[PDB]
Asks: 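Have a look at the structure that comes next, please.
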Amino acid sequence: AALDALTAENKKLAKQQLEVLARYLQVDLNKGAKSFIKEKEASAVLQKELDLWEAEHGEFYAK
Amino acid sequence: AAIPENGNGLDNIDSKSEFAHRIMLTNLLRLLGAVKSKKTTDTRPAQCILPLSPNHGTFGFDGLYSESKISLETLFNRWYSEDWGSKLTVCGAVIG
């Protein structure tokens, strides 16, 4: 009702303070996430070239 | 070395048939080619005993077995045509 509304503004203040501190410290707060996204799509590329082999040859030949 | 493949016709040449052909033909020739490469003397040949078959497709659905076995008979004239005659000697046994 209203307790959650005030908790939300408390955490809003906490987030706005955390972003100011991360800006002060030159901290990339999403570098881990961006790297995870860029290396997860590389896994997609190697999976695309890997499934070509299994589609072209089959499960028995692959094993 | 061979794979038991059965029920594989011309319309169902599958991964097991391709892999069996790889074992029985294309890497069988690679053992012979590797033994040729690891030899340095023409005085000590290796007598390769090839498991030839007398039934080249005359039976039914065996996959690429007949294709694997009839392609080993090429080493009889490839013995003369290539440079491993004194290096490997072919003795094809036609197992009945």
Side-chain angles (χ1 to χ4, degrees), chain A residues 15 18-19 22-23 25-63, chain B:
Chain A
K15 297 296 290 183
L18 181 57
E19 310 286 28
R23 270 201 281 281
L25 302 152
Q26 297 294 321
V27 166
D28 194 2
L29 183 63
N30 289 316
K31 67 184 289 184
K34 293 187 286 185
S35 66
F36 167 67
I37 300 299
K38 294 224 208 183
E39 70 184 1
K40 185 172 71 176
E41 74 183 3
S43 293
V45 163
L46 61 86
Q47 177 68 45
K48 293 187 286 185
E49 58 180 321
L50 193 145
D51 70 32
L52 166 66
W53 281 97
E54 296 169 355
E56 199 75 29
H57 291 276
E59 199 266 333
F60 194 86
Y61 188 94
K63 300 289 94 175
Chain B
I3 295 181
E5 49 173 349
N6 197 358
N8 292 4
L10 189 68
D11 63 357
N12 181 9
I13 289 176
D14 52 345
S15 51
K16 204 205 288 283
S17 298
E18 302 178 1
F19 185 56
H21 188 78
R22 183 177 174 86
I23 295 172
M24 284 198 273
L25 181 64
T26 194
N27 290 298
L28 188 142
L29 306 174
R30 279 176 179 157
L31 284 171
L32 317 190
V35 174
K36 186 267 182 182
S37 296
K38 300 297 179 183
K39 288 190 187 300
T40 51
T41 61
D42 303 304
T43 56
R44 185 172 191 172
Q47 165 195 25
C48 302
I49 303 291
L50 293 178
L52 298 170
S53 178
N55 301 316
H56 298 287
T58 62
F59 270 128
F61 305 86
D62 53 4
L64 294 173
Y65 179 97
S66 61
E67 286 83 344
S68 296
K69 297 293 187 184
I70 192 166
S71 296
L72 292 182
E73 296 176 354
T74 63
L75 313 181
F76 289 119
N77 45 309
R78 208 150 181 220
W79 196 77
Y80 303 88
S81 73
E82 285 194 353
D83 57 346
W84 42 273
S86 62
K87 188 64 65 68
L88 305 158
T89 79
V90 186
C91 178
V94 179
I95 293 92

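In what follows, chains carry the letters A, B, and so on, assigned in the order in which the sequence lines appear, proteins first and then strands, with residues in each chain numbered from 1.
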Asks: With side chain to side chain contact (heavy atoms under 4.5 Å, CB included) as the test, would you mind laying out the steps for B:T26 and B:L29 before giving the verdict?
Replies: CA-CA 5 Å; B:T26 194; B:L29 306 174; 5.9 Å; no
Asks: How far apart are the closest heavy atoms of B:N12 and B:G7, and which atoms are they?
Replies: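 Minimum heavy-atom separation between B:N12 and B:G7: ND2-O, 4.3 Å.
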Asks: Which side-chain N or O atoms in residues 38-56 of chain A pair as donor and acceptor under 3.5 Å with protein atoms at least two apart or in another chain?
Replies:
| residue | atom | partner | partner atom | Å |
| --- | --- | --- | --- | --- |
| A:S43 | OG | A:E39 | O | 3.2 |

Asks: Side chains of B:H56 and B:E67: donor-acceptor distance under 3.5 Å anywhere?
Replies: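 No, no side-chain donor-acceptor contact under 3.5 Å.
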Asks: Looking only at heavy atoms, what is the nearest atom pair of B:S66 and B:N55, with distance?
Replies: CB-O, 4.4 Å
Asks: Donor-acceptor pairs under 3.5 angstrom involving side-chain atoms of residues 82-96 of chain B: please list them, not counting sequence neighbours.
Replies:
| residue | atom | partner | partner atom | Å |
| --- | --- | --- | --- | --- |
| B:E82 | OE1 | B:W84 | NE1 | 2.4 |
| B:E82 | OE2 | B:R78 | NE | 2.9 |
| B:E82 | OE2 | B:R78 | NH2 | 3.0 |
| B:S86 | OG | B:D42 | OD1 | 3.3 |

Asks: In chain order, what residues pass the ring pair (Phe, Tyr, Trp, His ring centres under 6.0 Å) check against A:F60, with sequence neighbours excluded?
Replies: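 Ring pair (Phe, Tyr, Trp, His ring centres under 6.0 Å) list for A:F60, sorted by chain: B:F19.
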Asks: What heavy-atom pair brings A:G58 and B:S15 nearest, and what distance separates the two atoms?
Replies: CA-CB, 3.8 Å
Asks: Could you measure the distance from the CG atom of A:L29 to the CZ atom of A:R23? Nearest 0.5 Å is fine.
Replies: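 If I round to the nearest 0.5 Å, the distance is 10.5 Å.
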Asks: Quick check: are there more than 12 heavy atoms from other residues, nucleotides or ligands sitting under 6.0 Å from CZ of B:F76?
Replies: yes
Asks: B:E18 and A:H57: which non-hydrogen atoms are nearest, and at how many Å?
Replies: OE1-O, 3.5 Å
Asks: Given side chain to side chain contact (heavy atoms under 4.5 Å, CB included), test A:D28 with A:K34 step by step and report yes or no.
Replies: CA-CA 10 Å; A:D28 194 2; A:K34 293 187 286 185; 3.0 Å; yes
Asks: Keeping the roles fixed (side chain from B:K16, backbone from B:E5), state whether a donor-acceptor pair exists under 3.5 Å.
Replies: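 Side chain of B:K16 to backbone of B:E5, a donor-acceptor pair under 3.5 Å: no, none is there.
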Asks: Do the side-chain N and O atoms of B:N8 and B:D62 include a donor-acceptor pair separated by under 3.5 angstrom?
Replies: no
Asks: Which heavy atom of B:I13 sits nearest a heavy atom of B:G9, and at what distance?
Replies: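 Smallest interatomic distance, heavy atoms only, reads CG1-O, 3.4 Å.
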Asks: Is a side-chain donor or acceptor of B:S71 paired with a backbone partner of B:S68 at a separation under 3.5 angstrom?
Replies: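 Such a contact is absent between B:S71 side chain and B:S68 backbone.
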